[PDB]
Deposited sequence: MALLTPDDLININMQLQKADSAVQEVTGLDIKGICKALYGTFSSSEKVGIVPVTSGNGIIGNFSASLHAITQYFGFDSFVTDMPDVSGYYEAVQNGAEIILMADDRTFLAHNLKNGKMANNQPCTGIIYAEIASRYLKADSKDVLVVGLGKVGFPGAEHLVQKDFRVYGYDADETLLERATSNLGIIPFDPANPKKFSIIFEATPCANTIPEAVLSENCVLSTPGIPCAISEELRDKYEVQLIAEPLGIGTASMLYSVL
């Protein structure tokens, strides 16, 4: 990582912590502890690079959350061996399809996708100044679906939309979410987006001071629409989802 990148990671996490605290009354750590019922004892976490930067970002992130983390010198299997040999209690590693946390002490394993969906949906659901239990979920994929599922389990009135009609069909029958028509816009104060696309939240769906909790990249909404409605944005590239994985595994 360049000097700029390191500054950016800490800046984004601090900014994310403030935004989450403003919205929910708790920081990311607080959200995680309440979500999972776990507490951190500064567990030793071995981050192993996989050949199928990212790991350097993970190191900065895990240190920020108080973990005793290190990155192995070797990648892949040699790295895994090195991590276990050096007393890693939790292993953190990713290929192109899967990013996992594996707690070797208790056997618990986390997948980044549902962990990210759940925490971003949790943050959204815990908006203190919410005037209803209506929540809009945009994107019902590997991150969105678990997020919507969590909101349903918390007895929220969950509206969902996905541009993939088959996935929308699946979610509407298996989860019991209300299919949302973007052409029939109702106003929401709680929005959860999990899409790799921009401009996915129509203006007409927005109300003033609404919370948009989104792990999606690029941003679901433009800066101009964000400013016009004073949207309380919760958006961070990696750390929040990583914290969710670690706490879910403790």
Residues of the deposited sequence that never got C-alpha coordinates are 1 to 3, 56 to 61
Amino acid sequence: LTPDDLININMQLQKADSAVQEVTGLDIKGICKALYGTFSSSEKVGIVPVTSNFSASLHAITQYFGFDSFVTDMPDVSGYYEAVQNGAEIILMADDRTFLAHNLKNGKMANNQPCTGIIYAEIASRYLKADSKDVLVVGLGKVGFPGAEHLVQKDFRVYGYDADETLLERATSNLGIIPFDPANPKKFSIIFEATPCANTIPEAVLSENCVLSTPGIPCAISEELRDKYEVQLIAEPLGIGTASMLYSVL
From here on, numbers count along this sequence of modelled residues.
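Between two forms, the rigid core is defined as the largest C-alpha subset superposing within 1.5 Å.
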Consider 222 to 230 and 5 to 13 separately and indicate which one has Cα atoms farther, on average, from the shown form in 8 other deposited structures of this protein after rigid core alignment. 5 to 13
In terms of RMS C-alpha distance in 8 other deposited structures of this protein following rigid core superposition, 181 to 189 and 23 to 31 differ, and the farther one is 181 to 189
Return whichever of 40 to 48 and 183 to 191 has the greater mean Cα B factor according to the PDB record. 183 to 191
Is the mean CA B factor in the deposited entry higher across 173 to 181 or across 83 to 91? 173 to 181
Highest CA B factor of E149, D76, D155, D73, as deposited, is found at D155
Most elevated Cα B-factor in the entry, residues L136, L104, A110, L128: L128
Comparing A121 with the other modelled residues of its chain, is its CA B-factor in the lowest, middle or highest third? lowest
Once the chain's modelled residues are ordered by C-alpha B factor and cut into thirds, is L250 in the lowest, middle or highest one? middle
Lowest, middle or highest third of the chain for the C-alpha temperature factor of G25? highest
Quick one: classify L100 as lowest, middle or highest third of the chain based on its Cα B-factor. lowest
Ranked by Cα temperature factor within the chain, is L238 in the lowest third, the middle third or the highest third? lowest
